[PDB]
Every structure is written in C-alpha cells, then in structure tokens.
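Here is how names work: the chains are called A, B, and so on, in the same order as the sequence lines, proteins then strands, and each is numbered from 1. Every heavy atom of this structure was used, including side-chain atoms; hydrogens, water molecules and symmetry mates were not.
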Amino acid sequence: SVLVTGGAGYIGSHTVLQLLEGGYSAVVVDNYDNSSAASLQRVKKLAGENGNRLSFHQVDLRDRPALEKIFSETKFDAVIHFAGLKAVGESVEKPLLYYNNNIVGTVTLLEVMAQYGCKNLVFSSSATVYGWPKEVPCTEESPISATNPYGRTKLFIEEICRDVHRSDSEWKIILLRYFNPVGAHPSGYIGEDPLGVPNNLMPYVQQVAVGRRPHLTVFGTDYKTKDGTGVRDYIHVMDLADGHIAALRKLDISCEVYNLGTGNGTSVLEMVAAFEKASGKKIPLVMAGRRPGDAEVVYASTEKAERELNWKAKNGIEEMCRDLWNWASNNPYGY
Amino acid sequence: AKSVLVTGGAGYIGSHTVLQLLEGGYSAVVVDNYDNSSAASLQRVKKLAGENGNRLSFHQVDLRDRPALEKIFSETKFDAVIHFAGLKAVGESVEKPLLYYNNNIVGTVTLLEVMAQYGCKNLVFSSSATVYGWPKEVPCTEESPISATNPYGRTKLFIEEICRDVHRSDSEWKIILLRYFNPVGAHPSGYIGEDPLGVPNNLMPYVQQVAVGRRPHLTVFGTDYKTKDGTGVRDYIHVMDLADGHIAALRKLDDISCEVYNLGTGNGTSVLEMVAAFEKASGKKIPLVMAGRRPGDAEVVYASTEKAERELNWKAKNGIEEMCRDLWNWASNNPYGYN
Ligand SMILES: NC(=O)c1ccc[n+]([C@@H]2O[C@H](COP(=O)([O-])OP(=O)(O)OC[C@H]3O[C@@H](n4cnc5c(N)ncnc54)[C@H](O)[C@@H]3O)[C@@H](O)[C@H]2O)c1
Ligand SMILES: NC(=O)c1ccc[n+]([C@@H]2O[C@H](COP(=O)([O-])OP(=O)(O)OC[C@H]3O[C@@H](n4cnc5c(N)ncnc54)[C@H](O)[C@@H]3O)[C@@H](O)[C@H]2O)c1
Ligand SMILES: O=c1ccn([C@@H]2O[C@H](COP(=O)(O)OP(=O)(O)O)[C@@H](O)[C@H]2O)c(=O)[nH]1
Ligand SMILES: O=c1ccn([C@@H]2O[C@H](COP(=O)(O)OP(=O)(O)O)[C@@H](O)[C@H]2O)c(=O)[nH]1
C-alpha cells in the first residue's frame, strides 16, 4: 500500500503500473499541472485484474487540508514523492514558481506524513544535484552543488530529508537520483504526455516527429564533448519504475542516496539519430546557444544501485527509442 | 516620504529597527504572528517614538497566510521590505527541522511572491553568520565560503540562494542580504528589549533571565572548544548598532543589485567573557551548568567589517560594556519582559 504523489505524470504513471503488477495498492494525488487523469485511466485498464487497487484524486500538495483528507481515508506504508516542476531552463526564468511548488509542496507533504505517522519516503531526486561535476561518472558520494533553481530545489529537499532523519530515526528515506528517463511502456498504450509546451528532450522530439512541433532546438554546440552538444545518461522509464519496487523492498538503512542511471553517456545528436533510426522520421534541428543552468557531461555510477538494490537497467537506447516511437505513433496527440 | 513593511517587527531586532526607522523619518507597517513576541513591544515603540509613533501600524499576520499578506500589500504602497520574520535557534532547528523549513522558507517564498505581485521589489533580508558554518577563515568575509551545519543555518543559506535566483530572473529586484552576527543589548532608555516567549535559546536573554530569578542556571554549551576558555567565541553587537545598519542598508538600496554585508564588530568574545561582563554590569551571580556542545554550533565566528564600513559607511559604536549596561537596564525594570 503506497501513496504516489505526481502519479498521473511520466515516471509515476509507469511506476504505478509496476506497483499494481507487483500486487501493491496505490493512491495517487496530482494537480494535473503537467499530466491528466487520462493517463491513470489507461494505467487502470492496462493493469487489468489489479486495476481496482488503484485510486486517484486531483489534489495539490500545497493544499494542506485536501492532502490531510487523503491521509485520513487511507494509510500508507510508504509515499513515493514524484510531484513537482522539473525544467532546468524554466526554473532560471521562474525561480519562485519552482521553490514554491517543489519546497512548499514537499514540506507540506512531509509534515502531513509525520502527523499521520507514515515515515517511509522514496523521493524523486535528480542528477541535477551534481551541478557541473568536475569528475564523471557521478558517484553518490561526489560533491553536491546545483547551478539552477530546479537543481537547488532538489538539493535542498535532499538536505531537508537528511535533517528530518537526524531529528527522528523512525523515518526511513531513500533519495533516488534519476538521470534522464526516456521511453514508454513497450505496448505503446501509455507513455510521456506533458501538457503545455514540452521541456525535456525526447517528448519534444516525439512531438516534432508527428508535426506537433516544427523543430528541435539544440541547446549548445560548443561544449567539451564528442560533438559539441550536451551529454546525459538516458534510462528507460520502465527500468526506472522497477527501481522503485526495488527501493520499496530495501526500506525493510535510514536515509540513503541511490543513483538510477545506465552508466553510459549519450549526446543530444546521438539521441536524435537513434530516434530517427527507430521512427524512420527526420527531426529538423536548430543549433542555438546553451540553455541557462545546463550541465555539460553527466552520467551515473550505477554500482551502488546495482549491488545494494539488486537492480540493473536492462533496456538500451534502441529499446528506449522503439518503445517511445511505438507510444508516439499510436498516440500522436497524447491521452 | 518613504514607506517600509517590516516582517517579524514585533520581535527583538525588528522592534529596535522599527524605532530607528520612525526616528529617521520612515513610515512602517509591521506584520508578525506573535510566535516569539507580543504586541507590547510595538505599543512601547509608539510611545518611545513620540509623534513619529503616529507613522506605525502593526497587524497580526502570518507570512504563510497569503490572503492576509496580499490584504496588507493592497492597503499600503511599500518602497521596501525588511524581512525579519523566522525561527532562529540552531538547537531547536536540529530537533524540529520541518518547523524551521516550513516557517522560514514557506514564509519567505510567499512574501517574495506577494512582493513581486504588487511591484515592491526592494528587500533587506535578515541573514546570519551561521551561513559561514564551522569556518576555516576567521575573520569571516562576505567573499568567504558558505555552508550551514544545521537546519536553521540552512534556511538562511537557502533563502540567500533563493534571493540570488530571483535577482537573476528579474533585474528589477534590489536585495541586500545582511549577515547579522550576535546582536545583544536593548534601547538605552531600557523601556524596550529582548523578550522571547517560552525558554530563551540565545545566550544573553537566557542570562538576563537567570539574573532576575526567572531561570535557575545558564547551561553553557561546551567547555571543550579550542578557545581561550573552551567555550564558543562569537561577535556580539549592540542591537542598536544593528538597527542603525538597516538605515544604512535602506540608503544603499537607492544605488547594487544583490549584495551581502556582514553586520558585526569584528571582535570575538567567549561565552564566559560575556557572562563575566554581565555580572560586572548587573552585580548579579550567574550559576553555570557546564554541559556538552549544542548540535550545530560553530567554534569561533566573528566578522569582517571592512566592506560595510566602506560601502554602507557603517561601523559599530558600542562595546560589550554598553551592551550589558543597556541589557541590565531593560531587565532590572522589566524582569519578566513585557506585561
Ligand atoms: N523527467 C526527468 O528527466 C527527471 C529527471 C530527474 C528527476 N526527475 C523528477 O522526477 C519526478 C517526476 O518527473 P516526471 O518526468 O514524471 O515529470 P511529470 O511532470 O510528468 O511528473 C510530475 C507530476 O507532478 C504533478 N504535480 C506538479 N506539481 C504538483 C503539486 N504541487 N501537487 C501535486 N501534483 C503536482 C504534475 O501534474 C505531474 O503529473 C519530478 O519530481 C522530477 O523533478 C525527473
Ligand atoms: N538574534 C540573533 O542572534 C540573530 C542572528 C542572525 C540572524 N537573525 C535573524 O534576524 C531575524 C530577527 O531575529 P530576532 O532576534 O528579532 O528574533 P525574534 O524571534 O525576536 O524576531 C522574529 C519575529 O518573527 C516573528 N515570526 C516568526 N515566524 C513568523 C511568521 N511565519 N509570520 C510572521 N511573523 C513571524 C516572531 O513572532 C518574532 O516576532 C530573524 O530572521 C533571525 O533568524 C537573528
Ligand atoms: O529542447 C531541448 C531539451 C533538451 N535539450 C538537451 O538535451 C539534454 C537533456 O535535456 P532535458 O531537458 O530533457 O534534461 P535535463 O538533463 O535538463 O534534466 C540537455 O543537454 C539539453 O540541453 C535540447 O538540446 N533541447
Ligand atoms: O544557553 C545557551 C545559549 C548559547 N550558548 C552559547 O553562546 C554562544 C551564542 O549562542 P546563541 O544561541 O545566542 O547564538 P548563535 O551564535 O548560535 O546564533 C554560542 O557559542 C552558544 O553555544 C550557551 O552556551 N548557552
């Protein structure tokens, strides 16, 4: 039995499927800022027998009363905290919005959790907490520093979780530092459907592929990388979902960080070419300047996760691209 | 013709600052939730301010109460905001970190948002030497590394970072970040001073309260630091010097974009030294319980003063003796604080 904040969205939807298919119950709260209820309807159907163990509500985490209402009806062995804004670039323009949504929402959540005595937390952290790492790959023990508000909200929240742990050892906390999840369920029945203009690379590429967007703008061509463009560790969202069930087993340790990545670094152009390969479509590119807040090279050391959580990323880039295209092809306009 | 909103204004440092603002021609609205103060402070500031008291209103308002805060901003135009509101005990923060992140950061963000909403983008922020962490540099300069070692310290470091990001997003903003060291003392009239609710957390308000019978001893947090006497060293500054530094800050604001100034004296004093100076001023004995360190306390912390002297044209004028003198003056006539 779990509470999934942000469960209508990209990673949480997929993860809810896995929870259901692992025999878990799940309550979702989401305010549909960057998702819709249609994603969870589908997940309900696709999970088949086990769909009646999913329930979901439109709730903002900053709305303490409505969130308290949730915690009063059901009890949770755990909370998976997906909810928040996630765009580096946006956050530089709109820092207050990021600090508002992410910190106020998280703090509200953590306080409600204490009040109703649920103190097991799995948190969506981000590789962004490594800033511009001087050394790669990025280990869980390497310096944490951020270079933009979004990264800061994740670093600060990690720091808040540490302090709560230190304050009270009833808490069991796992900080999952996701790198760059891409792809879709292999059925193509569910996948990434961001609302408003997209910010992440691959959902922007999928929209270019079906004509919903005219070009991908490439943020930077003068980086110290193989091809001048940014490098990241892209990991299939279905692998990431399975990393959550792993983290839940692990909880039964106090306050632990685990990277979730593949351990390979892929450039932007590489990912585009891998997408063109999987889709047969051509993605027009605009080479522009760097996006304020972006790191250069960032990829995971996956070894702590591999050994501690007994979890590996299985899918490679071609699998990520095939599943993504399969979703996009069969759902060009989303849910 | 200059109007200021003062958060946490009923509190210790805000109280005294508000009075100087009134005395220096400013007008002022205070919002405060009375978590660590009472309205008596501000009643007495009205009296102490004379006719200038007539330019002060105060309202019971939590900064996290957005409707209430927006009300405040829609009823008055503000040329600037001095943000004092917050919880401030290092030790309390370690025990109760959510309370701290909540009150300090939800507080601050909500105000920042309302300020932007109403087009008032001139901020003076109450930061702290605790952003210097357990430092390797002494003296601690505005260019020296920052890093907290406890939740309270983090709220201040984080909020500074938030203000930097707001400045970066939006060049209309003018923010001065004041790193106060350890303010002590009271108005020389002795008619106002520090009065926390419940058990005091700061050194000298605890000491005052021991001196007048209200607490049985001072618990000295660590006698095994690597200092003259093994107790913590800090830069204690007269709250009135501190107050005046805010008039200086408010002036610099009409020049500068997001700018850090230390407010201290640049001398380091031990806990036992401050105890000794207070016994000398008050003529009362302070019983001492020698205990272990307080989670998250620095060893030695004291200020660089060069930047503030140069750029705010501000320097402490009062010494430890005055600090204890005015503290005792306040405490002797007001042993249980305000009524
Ligand atoms: N997607 C990535 O590449 C990536 C990488 C690292 C970390 N993360 C983090 O993982 C989490 C999930 O990201 P995602 O890719 O699934 O994005 P997403 O936007 O699809 O998921 C976030 C969900 O949270 C909801 N939400 C936002 N603010 C809310 C609020 N105040 N109350 C309730 N619900 C709210 C949105 O409606 C959305 O469904 C986020 O915290 C993100 O920062 C994502
Ligand atoms: N006293 C020190 O040594 C010291 C040192 C460095 C920094 N500071 C900072 O200076 C500021 C003033 O400190 P002080 O010594 O006057 O403390 P104080 O406790 O006397 O003043 C703070 C005031 O804020 C009010 N308040 C708290 N949370 C509030 C909220 N959410 N909404 C409205 N009002 C709220 C309290 O009721 C109190 O009146 C604080 O930000 C503190 O962190 C103090
Ligand atoms: O429209 C876009 C979005 C992303 N990127 C690049 O793709 C990588 C991953 O971007 P995304 O925003 O998905 O992830 P992040 O690493 O910022 O979390 C980075 O090098 C970005 O510069 C890009 O060139 N164009
Ligand atoms: O009851 C107390 C309060 C404070 N201190 C010490 O006095 C100094 C000033 O502490 P305070 O909490 O007043 O200010 P801080 O420097 O923590 O902001 C520090 O070395 C504290 O360890 C102490 O020994 N006992």
Side-chain angles (χ1 to χ4, degrees), chain A residues 60-64 88-115 119 121 129 131 143-171 173 255 292-293, chain B residues 62-66 87 90-117 121 123 133 145-173 175 258 295-296:
Chain A
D60 199 304
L61 296 187
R62 280 147 338 164
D63 182 343
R64 183 169 193 139
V88 162
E90 189 182 42
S91 71
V92 174
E93 274 167 64
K94 305 184 215 174
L96 293 185
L97 169 68
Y98 269 70
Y99 288 112
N100 188 332
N101 199 80
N102 297 356
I103 285 153
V104 179
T106 305
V107 171
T108 310
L109 166 67
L110 288 175
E111 276 196 350
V112 170
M113 277 175 81
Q115 169 191 340
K119 297 194 193 178
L121 173 68
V129 299
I144 57 167
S145 207
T147 69
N148 62 78
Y150 163 59
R152 267 153 215 134
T153 61
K154 290 300 195 184
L155 181 162
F156 297 172
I157 287 168
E158 271 200 19
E159 220 73 283
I160 292 164
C161 284
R162 282 177 192 111
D163 289 321
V164 163
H165 158 239
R166 280 152 191 158
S167 82
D168 172 11
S169 61
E170 199 178 316
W171 281 93
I173 299 182
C255 190
Chain B
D62 198 310
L63 284 197
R64 299 171 293 186
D65 200 321
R66 176 159 193 150
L87 306 181
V90 162
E92 206 208 14
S93 84
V94 166
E95 192 189 345
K96 291 141 87 176
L98 290 174
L99 179 71
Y100 267 71
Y101 285 114
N102 179 348
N103 187 100
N104 295 1
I105 297 188
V106 181
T108 304
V109 165
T110 303
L111 162 77
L112 246 27
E113 277 198 4
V114 165
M115 273 173 73
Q117 187 190 2
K121 300 179 162 182
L123 177 72
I146 55 181
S147 183
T149 60
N150 59 90
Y152 164 64
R154 272 160 206 125
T155 63
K156 293 303 189 164
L157 184 158
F158 294 176
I159 294 163
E160 280 193 15
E161 288 295 295
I162 292 169
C163 298
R164 279 163 191 115
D165 286 335
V166 174
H167 155 66
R168 290 173 183 132
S169 73
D170 182 6
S171 80
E172 269 152 66
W173 273 86
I175 309 174
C258 189

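- Each salt bridge (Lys or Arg N to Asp or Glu O under 4.0 Å) pair with one or both residues in residues 100-109 of chain B, not counting sequence neighbours, would appear here, but there are none.
- Listed by sequence position, B:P151, B:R154, B:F158 are the residues of residues 149-160 of chain B in contact with chain A, using a 4.5 angstrom heavy-atom cutoff.
- Considering only heavy-atom pairs separated by less than 4.5 Å from chain A, the leading option among B:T108, B:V109, B:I105 is B:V109.
- Against chain A, the residues from residues 91-101 of chain B that qualify, each with a non-hydrogen atom under 4.5 angstrom away, are B:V94, B:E95, B:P97, B:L98, B:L99, B:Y101 in number order.
- Residues passing the side-chain hydrogen bond (donor to acceptor under 3.5 Å, both in side chains) test with A:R166, sequence neighbours excluded: A:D163.
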